[PDB]
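Structure 1 and structure 2 below are two forms of the same protein chain, each written out on its own as structure tokens.
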Structure 1
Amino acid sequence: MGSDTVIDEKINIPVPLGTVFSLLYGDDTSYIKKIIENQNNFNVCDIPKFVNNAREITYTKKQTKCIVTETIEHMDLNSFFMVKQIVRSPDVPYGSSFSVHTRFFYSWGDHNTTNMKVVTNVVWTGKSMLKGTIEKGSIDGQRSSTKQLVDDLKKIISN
């Protein structure tokens, strides 16, 4: 529980990265609108064009409302792009306390195709004081280590 599931890492779409990007994330949102409707969703709202590498999509699942954010995390149509999707269900039990995170890896595949990997986990929020104390120590310690790592890394390369 809480760990990642590799939903699938043996996906290949037989067209280049830029085509898969255009279909799923491009300026013509008709393709992704239908795809969403084919997954037993309806009343999909007008798909915003990407702005600041993000867009928010609302629809109804078969019944409950879903709010989905998609964030482009890396964008190299010659080699690799990566999108993180976060799906919220505000009206289900504890829906304000969890979301479903899915990262989509799109990487150059043999013969100019697109390899796809899909990884998901469920992220719980909700601020238990005990959890909150442990998290603050964990994040403060990682901030300290990361600053030391970057400092040492730069000293290593400078000689």
Structure 2
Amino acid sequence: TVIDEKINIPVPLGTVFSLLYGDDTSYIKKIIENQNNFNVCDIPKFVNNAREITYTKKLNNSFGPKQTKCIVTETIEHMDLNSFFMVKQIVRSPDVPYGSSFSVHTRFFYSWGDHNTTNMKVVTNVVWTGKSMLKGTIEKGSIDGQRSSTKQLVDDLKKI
């Protein structure tokens, strides 16, 4: 469930918001392009605190499909204008075994830190809409790669 409990971003809350979710989508597009993905759509601005992002993810697993599409729903859930905000991703990947029976939900918690730093926690969980003996492989499939995805995102986020 709890991917990363406390990373610290040496940049203010409002700028981390702008850098990952601002109306200039070029940073997040570079971020997303760096996580083993291709055929990335043109990254939309948020409208009504929601935006859709599509791409194909290359997989190196035991023997999944070894690539799958991803239809990602990204929404800004909570905005306390000074102390914290939170973004929630719902990620569908129809091409994998038992796709359309689940989605991956990841919450990105960003909070005002000391001398106006930003610390983030990342929490995910699979929501199920169908039975599947694969349940516990997908569940730890989601957690495992999300762990990797967060590592690249904070790795690229600090560089700038």
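Only residues modelled in both forms are compared. Counting starts at 1 and follows the sequence of structure 1. In this text, the rigid core denotes the largest set of C-alpha atoms whose superposition between the two forms falls within 1.5 Å.
J.: For residue 97, does the CA position differ by 2 Å or more between structure 1 and structure 2 when the superposition is done on the rigid core?
T.: Comparing the forms between structure 1 and structure 2, which are aligned on their rigid core, residue 97 does not shift its C-alpha by 2 Å or more.
J.: Hey, does residue 149 budge by 2 Å or more at the Cα between structure 1 and structure 2 once the core is superposed?
T.: It does shift by 2 Å or more.
J.: Considering the two rigid parts of the chain, by what angle in degrees does the smaller one turn between structure 1 and structure 2?
T.: Rotation of the smaller rigid body relative to the larger: 179 degrees.
J.: Hey, core superposed, how many Å does residue 52 shift at the CA between structure 1 and structure 2?
T.: Its C-alpha position differs by 0.9 Å.
J.: Taking the rigid core as reference, which runs of at least three consecutive residues show Cα movement of 2 Å or more between structure 1 and structure 2?
T.: Flagged stretch (3+ res, CA at least 2 Å): just 126-156.
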